[PDB]
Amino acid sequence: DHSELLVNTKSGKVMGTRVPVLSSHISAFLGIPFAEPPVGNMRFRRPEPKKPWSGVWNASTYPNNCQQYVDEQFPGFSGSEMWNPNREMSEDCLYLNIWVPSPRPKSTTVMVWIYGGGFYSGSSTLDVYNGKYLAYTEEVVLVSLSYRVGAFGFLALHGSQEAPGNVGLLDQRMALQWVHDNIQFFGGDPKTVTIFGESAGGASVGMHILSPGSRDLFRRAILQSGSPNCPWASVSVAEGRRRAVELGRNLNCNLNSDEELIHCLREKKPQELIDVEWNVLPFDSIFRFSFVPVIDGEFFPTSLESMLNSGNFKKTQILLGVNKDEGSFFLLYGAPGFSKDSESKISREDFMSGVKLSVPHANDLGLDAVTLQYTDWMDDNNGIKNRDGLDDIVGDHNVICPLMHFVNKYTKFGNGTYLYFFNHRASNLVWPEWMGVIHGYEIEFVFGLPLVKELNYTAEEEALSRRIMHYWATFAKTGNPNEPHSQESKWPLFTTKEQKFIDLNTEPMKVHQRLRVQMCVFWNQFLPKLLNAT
């Protein structure tokens, strides 16, 4: 050995950089490769481990971000820009980042972050994912991995070994394998690794809990506004095939064989695939993405529901929850009547249009059922009630109720469940008020941005961030978010019987029960029975 910033791993030596953090410093090892570049003939293929290298790998700067659709709806607006790639895009994008406390610990709790982005976008390098605050404040080794998204990570032609599907999930698994095998050299304890992620990242976490091939690579899990059984998080192999073929058709490919199709798709430049990616969806919809995980019978042995029902999944502790207004982000971008600069009061006709877009797979009776369930017939033309009702429909159907179904099924076999409901609207949010507590906006509290004065949060928002970070890190470390022997209010364990959860905000803790049961019994029990019968 020789330096705090020099670490020798089983793949080779790596040189980090010292980084300033809240008046102190820590080490950062950025852009460490964990797989061979998935380029050329390797596009769509399972990832291959990175060949060890001679010399010192320079890990002082962020890596490229994977090829992805870029949001240009509000050019320059920080609200949407904060999610876009902040590094050059490239198919050579399989890297991970590690923030290590200083002095380098010996065997401390490890947290691995899996970014979201609907499986079609996302980056490990975003300012909101800067792991130095959490690593520094809670003294954990914080890792953020990356994985292929869009067609590159999820194009699926089941049966072929050239584009089997789920390779983006396999990229994540390879990074977890690299962490298992090498994090000890950075002072992390590979026996105490917690994977956590948001939205598609949270669904990913749940997928690794389910997939037998991933279970052994981590200890505990945290899922933020995402669940493996979300209606948008996976497709059948038949639907995946249908979309891969349709993509081919959009690029004038030869469709006579998987081989012809894949070869053609492999000759296209990245942007050519991204330019027609949205043309393959089966319905006019919102909260539906083209290339996502496939129930292949390999990564996922059987249907997610049967795995959940039989307990065919990793049994450990989990901490998860949702935000109050999960649907607003999606309505703003794709439902008629909504806009960034107006209060977006929704007419009755636009409500109807929104319902249709929100539950694309529903027949007319189904649409009537949804509409009835969310319409106040004493005040049906209330623009605000219609706007908020759509917000709830999108959020309940796509995030909350799927998570609540997962929570209840998991808890029957698990070793500990902690549930939260994040409902604090940040004081400095740039999005309009009508959007409320937006999908993805608890992340900045989990990563400690509020402790940064220049970001302009309130003192109570800093207090909230510290509490959340300490809950997350204590759970990662012990399997319980609560400090043993503490005097603070206790976050109750969610049990099959009591189903307790806590609100997460700047007010004194408050415990509740049966998070949105009324609506979720409709989404998880009644509606699917209706659609299957009719």
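Quick note: we count residues from 1 along the sequence shown, nothing fancier. Only the largest set of C-alpha atoms that superpose within 1.5 Å between the two forms is called the rigid core.
Fitting each structure in 9 other deposited structures of this protein onto the rigid core and averaging C-alpha distances over structures and residues, 280 to 288 emerges as the more displaced of 280 to 288 and 414 to 422. Of the other structures of this protein that model both sides of residue 46, every one gives it coordinates; not a third omit it.
Residue 488, present in the displayed chain, goes without coordinates in a third or more of the other PDB entries compared that cover both sides of it.
Once the C-alpha B-factors are averaged per stretch, 448 to 456 and 199 to 207 rank with 448 to 456 first.
Judged by mean Cα B factor in the deposited record, 75 to 83 ranks above the other of 75 to 83 and 394 to 402. In the PDB entry, the Cα temperature factor peaks, among 194, 358, 107, 323, at 107. Across 419, 264, 437, 286, the entry's maximum B-factor at the CA atom is seen for 264. The deposited CA B-factor of residue 508 belongs to the highest third of values across its chain. Ranked against the other modelled residues of its chain, the C-alpha B-factor of residue 480 as given in the entry falls in the lowest third. Sort the chain's modelled residues by C-alpha temperature factor and residue 518 lands in the middle third, per the entry. In this PDB entry, residue 524 carries a Cα temperature factor that places it within the lowest third of its chain's modelled residues. For residue 190, the recorded CA temperature factor ranks within the middle third of the chain's modelled residues.
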